Amino acid sequence: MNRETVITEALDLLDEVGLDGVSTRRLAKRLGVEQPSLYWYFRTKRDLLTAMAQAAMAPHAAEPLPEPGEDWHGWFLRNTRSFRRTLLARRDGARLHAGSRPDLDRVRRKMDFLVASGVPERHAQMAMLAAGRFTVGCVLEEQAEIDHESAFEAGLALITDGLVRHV
Amino acid sequence: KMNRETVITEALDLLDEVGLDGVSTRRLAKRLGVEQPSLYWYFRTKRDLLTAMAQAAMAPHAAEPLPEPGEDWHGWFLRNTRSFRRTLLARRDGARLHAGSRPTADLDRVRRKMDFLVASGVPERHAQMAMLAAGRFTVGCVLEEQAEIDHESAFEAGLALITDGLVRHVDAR
């Protein structure tokens, strides 16, 4: 028993009872251990959830990283389709994702490909946030049935500018 | 004086105060200075209380003027999404409340907004997708700020919109 073991059990438990059934009490019970041993590793419920959300994203890493020279545009579509499938495959995957803060190296790597393909740093960043937040919203709704303002505005302009193109 | 709108308004104020994770019938009862079972008659369950709170939370968005023929559809589009954002941010954990108990949209208002976009020359299918994209994007944005037609098709179209808007900033040099 260590952090990985706890997180793997927690994910099993999420698969079995959905996000609302996930608690430090039920998880300790499951591990055949009492609560303090579990509170060694995660001090709050939100530490646990964060670790689970970070661990639940591992399958997105089944996507090959971009290759130098390849179409940034086709890549960006694949990469976002992968992001959506990851969240969508996991029970309450989007709520798990949205209920915590977040392969940071893997993100920088993908950002460098984008910058090399001629998307300026600021736009690469905004485009990747926009796409992810849109995906979070999309899947959350599917599964039910820091300058945030300037990030919102940049994402919104992307959408609307995409639309202007069909008018 | 006990009154449904009153209870709901008091619940949304409670939400502002304690966070969504702190909203309970017992806590609302106490804010109101009443016996907790007296609230059962308004909201049989916590689920029903939330649904009601989520619906009332949208009123400020519904209070906005509808678009009129002749106005710039482009500026209105931005303005509409800015309104939706502002609405969600107006109550603490506003976007979790929304996402958790999806309110029912005014079909009359949704149709008038859509008609305006179509009469402005936006092709219908694209207007619909844009409108879905814009909303879903705003939920995801606001969720992250505050934390601090089939779904497949809609996802694909909203993603192409985003990626298309990016093309203009691209310069391979």
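So the protein sequences, as listed, match chains B and A. Taking the entry's author numbering, I'd label the letters of the first sequence as residues 4 to 105, 108 to 150, 166 to 187. Taking the entry's author numbering, I'd label the letters of the second sequence as residues 3 to 150, 166 to 190. We put the beta carbon where it would ideally sit given N, CA and C, even for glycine.
Own chain partners of residue i with C-beta closer than 6 Å, once the 5 adjacent residues on each side are dropped
i              : result
residue 135(A) : 175, 178
residue 106(B) : Any question about the placement of residue 106(B) has no answer from these coordinates, since chain B jumps from 105 to 108.
residue 145(A) : 97
residue 66(A)  : 85
residue 18(B)  : 94
residue 78(B)  : 69
residue 148(B) : 97
residue 126(A) : 120
residue 91(B)  : 144
Contact check, residue i vs residue j, beta carbons under 8 Å
i              : j              : result
residue 184(B) : residue 186(A) : no
residue 181(A) : residue 182(B) : yes
residue 139(B) : residue 138(A) : yes
residue 190(A) : residue 123(B) : yes
residue 171(B) : residue 133(B) : no
residue 107(A) : residue 51(A)  : no
residue 9(A)   : residue 44(A)  : yes
residue 104(B) : residue 47(B)  : no
Extent of the continuous alpha helix (DSSP H) run through residue i
i              : result
residue 48(B)  : 48-59
residue 75(B)  : 75-92
residue 42(B)  : 38-44
residue 10(A)  : 6-20
residue 32(A)  : 27-34
residue 146(B) : 126-149
residue 176(A) : 168-183
residue 63(B)  : Note, residue 63(B): premise wrong, no alpha helix (DSSP H); not H, not E.
residue 111(A) : 109-121
residue 98(A)  : 96-102
Distance between beta carbons of residue j and residue i, contact taken as under 8 Å
i             : j             : result
residue 20(A) : residue 29(A) : 7 Å
Residues near residue i by beta carbon distance below 8 Å, same chain, minus five either side
i              : result
residue 40(B)  : 4, 31, 34
residue 89(B)  : 59, 60, 62, 63, 96
residue 115(A) : 68, 69, 82, 133
residue 6(B)   : 44, 54
residue 16(A)  : 24, 25, 29, 30, 33
residue 37(A)  : 31
residue 188(A) : none
residue 166(A) : 130
residue 87(A)  : 140, 143, 144
residue 11(A)  : 58
residue 49(A)  : 103
Beta-carbon contacts of residue i that lie in its chain and below 7 Å, excluding the five residues immediately before and after
i              : result
residue 169(B) : none
residue 112(B) : none
residue 22(B)  : 95, 98, 99
Query raised in the report: Do the region 109-122 of chain A and the region 70-87 of chain B make contact, defined as three or more Cβ pairs closer than 8 Å?
Result: no
Query raised in the report: Three or more C-beta pairs closer than 8 Å, one from the region 98-117 of chain A and one from the region 50-68 of chain A: is that the case here?
Result: yes
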